[PDB]
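One structure is given below, encoded as C-alpha cells.
Cβ sites come from the backbone with ideal geometry, for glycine too, and all protein chains shown count toward neighbours. Bear in mind these aren't lab numbers, they're just calculated from the coordinates by the rules spelled out.
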Amino acid sequence: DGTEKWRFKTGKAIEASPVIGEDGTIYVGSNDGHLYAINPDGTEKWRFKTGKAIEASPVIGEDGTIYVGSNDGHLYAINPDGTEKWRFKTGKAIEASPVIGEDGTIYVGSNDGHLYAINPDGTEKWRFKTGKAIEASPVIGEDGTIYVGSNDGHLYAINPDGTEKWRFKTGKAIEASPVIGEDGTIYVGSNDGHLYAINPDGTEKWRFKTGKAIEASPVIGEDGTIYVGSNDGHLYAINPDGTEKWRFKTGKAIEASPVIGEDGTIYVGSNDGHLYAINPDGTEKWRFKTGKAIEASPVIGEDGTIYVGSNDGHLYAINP
C-alpha cells in the first residue's frame with residue numbers, strides 16, 4: 001500500500017540491491033563497507049566489515065553462502081553465520097554483483113577489466129579479459145553461456161570454458177547487466193542510450209533509443225514486455241518487437257533496474273528519491289519518498305514487502 005514497514009540504518013549510502021535468503025534474511029551491502037544480515041522484522045542479525053564501500057548486490061549459493069564484491073578488490077564468501085569462508089583478490093574494485101552457474105562456479109567482473117570464474121572453494125577457474133573496467137554483473141543462459149558487458153562498449157558472450165563465443169559492440173560503455181528472454185534473446189542497455197535486443201548468435205535483432213545513457217538492467221514481464229529505466233528519467237515499457245508500449249516519467253535519472261511484483265506491479269527507484277509502483281498499463285499506483293536518490297534496484301519479499309536501499313543510508317521495507 002506504499003507505506004513504510006521499517007527502516008534499517010547503515011553508516012553511508014546504500015547503492016546496491018539487497019538479496020533475500022531461503023529463511024527470509026535480508027542481505028545488503030553499504031558504502032560504509034559492511035555486509036549486513038537483517039532479520040525480516042528489521043533488526044540486525046550480523047555484519048561483516050570489508051575494506052571499502054560495497055556497491056554491488058550480494059548473491060546466495062545453494063548451500064547458503066553469501067558472495068559479495070567490495071571496492072577493496074575482493075570477492076568475499078560469507079557463511080550464513082556471518083563468518084568469512086574465503087576471499088578472492090582481483091586487481092581493482094569490484095562494483096558488480098557476482099552470479100552463480102549451475103555447477104557452483106561464481107562469476108564476477110572487476111574494474112581490472114576481467115571476468116573471473118571462481119570455484120566454490122575460492123580458487124580461480126579462469127579469467128576473461130575485456131578492454132576496460134567491468135562494472136556490470138554477468139548473466140548466464142540456459143545453455144551455460146556467460147554474458148557480460150564492459151566499459152569497452154561490448155557485450156561479450158563467453159563459453160563456460162573461458163573462450164569467447166562472440167562480442168557485440170555498442171556505442172559507449174555497458175554498465176547494465178543484460179537480461180535473457182524466453183526465446184534466448186539477450187537485452188542490454190548501453191551508455192549510448194539504446195536498449196539492444198541481441199539474437200543468441202550475436203546479431204542484432206533490434207534497438208530502442210532513449211534520451212540518455214541506460215545504466216539499469218532491463219527486466220521482463222510475464223507477457224514478454226521489456227521494462228528499462230533511463231537516465232532521461234523515464235521507465236520505458238517495450239514490446240517484444242522493439243516498439244514502445246508506454247513510458248513513465250519520474251523527476252530525475254533512473255539508475256536502478258525495476259522489479260515486477262506478484263500482481264504485475266512494476267517497482268522502480270529514481271534519483272528524485274521516490275520508489276514508484278507502476279501498473280502494467282503505465283499508470284502510477286503510488287510513490288514513496290526516501291531521503292535521497294535511490295540507485296539500488298528494489299527487491300520483493302515473499303509476503304509482498306518491497307525492500308529498497310537509499311542514498312540516505314537506510315534500507316526501507318515498504319508495504320505493497
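With a Förster radius of 30 Å, plug the Cβ-Cβ distance of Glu102 and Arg167 into 1/(1 + (r/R0)^6) and report the FRET value to the nearest 0.05.
Approximately 0.80, to the nearest 0.05.
All other residues with a Cβ under 14 Å from the Cβ of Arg127 taken together, and with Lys, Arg as +1 and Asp, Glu as -1, what is their net charge?
0
On each of the three principal axes of the Cα atoms of region 88-206, give max minus min coordinate, whole Å, ordered largest first.
Sorted from largest, the Cα extents of region 88-206 read 40, 28, 20 Å.
For the peptides 113-122, 147-156, what is the packing order when you average, over each peptide's residues, the other Cβ atoms within 10 Å and list the highest mean first?
Per-residue mean Cβ counts within 10 Å order the peptides as 147-156, 113-122.
Give the whole-number value, in cubic angstrom per residue, of the convex hull volume spanned by the C-alpha atoms of region 90-141.
72 Å³
Out of all Cα-Cα pairs in the chain, roughly what percent, to the nearest whole number, are more than 34 Å apart?
Value for the chain (Cα pairs over 34 Å): 16 percent.
Give, as ranges by residue number, the residues of region 295-320 whose backbone N falls under 16 Å from the point 7 Å along Cα→Cβ of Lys289.
Counting backbone N atoms under 16 Å from the label point, the list is 311-312.
So which of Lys249/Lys292; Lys5/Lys85; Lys245/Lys292; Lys12/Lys289; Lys12/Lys252 end up more than 27 Å apart, counting from Cα to Cα?
From the list (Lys249/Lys292; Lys5/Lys85; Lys245/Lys292; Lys12/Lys289; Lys12/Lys252), the Cα-Cα distance tops 27 Å for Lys5/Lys85; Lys245/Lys292.
In straight Cα distance, which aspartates and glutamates are under 14 Å from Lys125, not counting same-chain residues fewer than 8 positions off?
By straight Cα distance, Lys125 reaches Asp103, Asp161.
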